[PDB]
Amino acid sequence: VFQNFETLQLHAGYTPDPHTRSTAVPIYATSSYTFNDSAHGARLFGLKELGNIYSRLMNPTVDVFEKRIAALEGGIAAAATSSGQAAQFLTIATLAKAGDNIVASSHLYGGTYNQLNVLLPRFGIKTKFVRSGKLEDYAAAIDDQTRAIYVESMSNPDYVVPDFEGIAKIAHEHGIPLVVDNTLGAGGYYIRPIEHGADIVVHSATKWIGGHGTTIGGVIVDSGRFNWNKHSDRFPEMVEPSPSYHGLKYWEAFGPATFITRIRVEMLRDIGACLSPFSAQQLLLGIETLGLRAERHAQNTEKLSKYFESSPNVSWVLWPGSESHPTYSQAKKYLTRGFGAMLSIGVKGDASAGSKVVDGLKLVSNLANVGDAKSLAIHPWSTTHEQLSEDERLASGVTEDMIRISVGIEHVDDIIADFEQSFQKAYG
C-alpha cells in the first residue's frame, strides 16, 4: 500500500514474475495462453478459475496498465480499451440498452457529443443534454429510463468544472451512477472524481496518461462503490441470471466488481475493442512520469495565462484557475494540485487573425491531440467539434474565434517566445 501518486505510477500492479525476474513489464505479444490440461481449459472458460485465456479479453501487459490506472484513480479495478471513444462506448452500452437514455452535460469533447447524439440513438439509446450546470436541471432531466449522468471533469475546450458532489448526490438519489470522463484530469493527478462521488471514470489514455502522442488507448475505472443490487430495478442485468453464462448472477458472484467484470466478460468479449500489449507498454512508459509531466504542464499553463492576460493582442483568456472563470468556485474546490494543462484564448482583429497566429507558430504544433508533452494548438470550431451544429458548438462553449492550447513541458520561455514572434508577424 502506497498513498503517493508519484510512487504508485511506478510500482502499482506489477511484481517481477519469479520465472524471469524481469524488472520492467514484458510485452506479451501473444494471442493465446496454453492450458495445463483439458479440465483447466474448461474451468477458465466456465469462469470457475481466474487466468489467461485469450488476449481479446486479458493480457498480462494490459493487466499491469489496468491495475496501475485503477490504483492512481482510487478504483478497485479497470478495463483497457482500444481508444477513449471505446471506453465511453462500452461503459454506456453496459449500463443501457434500446429504450434507455442517459443524461449528460452539453460541454463535451466533440467526438463524445457525436457518439451520444448520433451513434447511440441508432441503437435506441438517447441522451438528454443539460446546458446550465445547475443541479435542478440535471434532476429534472432524469426519468425512469435514465441509466447514468455523464460529465467531463473539465470540459474540452471551455474547462467547465462540474459540481461533482452535488451531481453525484442527484444521481445516487435517482438510483443511477455518475460517469465522469476524467481525460483532462490527467490520470487522477489534477482531479480525482471517485473521491467526490463518481462511480465510473473513463479516460482517453491517448492524452496525458500516454503523454508522448505515440499511442491510441482508453481505460474504464470502476470505483466499486455503486450498489447494483440496491438499484437493480434500473439495472436487472447486474443481478438477474445472465443469458451469456448459463444463468450466472454477476452481483452474487462478483459483488463490487460486478460492472467491470461485465465490461470484460461481456463487452470486450463480444464487441472486441481490446488494447494491444505494445500499446499498453507505451502507455506504461508515460505513466511512469505522469505526475512529473502533469506538474510541469500546470506550472507552464499558469505562467502562460499570465503572459496572455497582459498581452495587447489577446482579447480573452479561458483558464480554469482564473478567478473570473465561470466555474472558479468548483475549480478551487476540486483542483488543488494544479489547474490543468489547457487554456483557450481569443485574439484581436478580423476573422482570420486566429489562423494567422497559429500558422505563424514554429515551436507549438498545429494538430488534433491534447496532452502531448509537446505544445499544441488547434481551432476546435473547424476540427474537434466540427461535426456539431453551430448552436451545439456554442452550447458547449466552443466559439468561432477560440484557439485551444494544450500547453507542453518545453521551457516556458520558449513557448512564450513562440507566441510573441507569431504576434509580431500578424500584428506588428
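One-based numbering along the sequence shown.
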Report summary line: Per the PDB entry, mean CA B-factor is higher for 50-58 or 63-71, namely for 50-58
Query - Of 3-11 and 418-426, the one with larger mean CA B-factor - result: 418-426
Report task. By the entry's C-alpha temperature factors, tell me which of 352, 223, 94, 215 sits highest. Result -> 352
Query - Member of 27, 394, 364, 370 with the greatest C-alpha B factor (per the PDB record) - result: 394
Query - Cα B factor band for residue 175 (lowest, middle or highest third within the chain) - result: middle
**Report entry** residue 262, C-alpha B-factor rank within chain (lowest, middle or highest third)
**Finding:** middle
Report task. Quick one: classify residue 138 as lowest, middle or highest third of the chain based on its Cα B-factor. Result -> middle
**Report entry** Third of chain Cα B-factors occupied by residue 23
**Finding:** middle
Query - Where the record places residue 126 (Cα B-factor, split into thirds across the chain) - result: middle
